[PDB]
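Next up: a single chain in structure tokens, the form deposited in one PDB entry.
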């Protein structure tokens, strides 16, 4: 039985021309593709990229490889892929991708009696995703993967998702540290040009960032410092040492939070939602310290030539305006 298989395999590859596609002078070869996403990792805002490892399967029919008399699917050695025609598919947004080679190259060739060829590949791809981080960290990102043929048009090759919307699996099993996959979408389209239409498959994810990390590390400490600056309003005006030290330390503490969050957060050199909130809290603690200087100047500068009224007015406006600032901020971004 094995000897008969060996005779069949040598017969198939005898006279086989790899340089010619299936149905070279006929209809385009339809290539069906499925993706098994092993994992998605390293969703980077600095590099505007994400890394995914997937099992990339391609299906097409090649009548030159049809065999009869064997009711089995011939799974050949991975090195036989160099002796067969395979589609010239590439990823547009791919920045650096490789096929794993331990212990051997992670590819498979499985032949079927009707001539169908299954070409599997285990690929780790670092694809590019341009992220609009103006609402960071309250932002939803959209990461895509574009699959296209390098040198074939729709006259020669065609792409489709094998299985419909069930072509890509493993998305529900992915657990990202700071992201949640809201949904994934499959798009099949032909990029029409003057020269000709080029097949393309798009796999897009919608990632929604989780705010739990930032609430407990970025927002809450800033809120507490802002509230602490309001303690000076309930301290007597003559206590210059107590009110100035409290006011100027809260300014220093806000600066410490902002400077350290600059290093901790990804280096994104433009204005974000978190920057607006941190700057908003910095202004509030700045006005509270500036409020006492007005109170101090009224009593001591304009004295010889109501300080309590200013403090009483400050005890209400500052909590109210900050709450107003929060309400406008959260409604605009959430």
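Positions refer to the first chain, counted from 1. Only the largest set of C-alpha atoms that superpose within 1.5 Å between the two forms is called the rigid core.
Not on display, but discussed next: the form deposited in another entry.
- The one residue among 252, 171, 99, 76 whose Cα position changes by 2 Å or more between the shown form and the other one, with the core held fixed by superposition, is 252.
- After superposition on the rigid core, the Cα atom of residue 130 is displaced by less than 2 Å between the shown form and the other one.
- In a rigid-core overlay of the protein, residue 290 has its C-alpha displaced by under 2 Å between the shown form and the other one.
- Comparing the forms between the shown form and the other one, the C-alpha position of residue 238 differs by 2 angstroms or more, with the core used for superposition.
- Relative to the shown form, the Cα atoms of residue 179 and residue 266 move apart by 3 Å or more in that other deposited form.
- Between residue 267 and residue 212, the Cα spacing is larger in that other deposited form than in the shown form, differing by no less than 3 Å.
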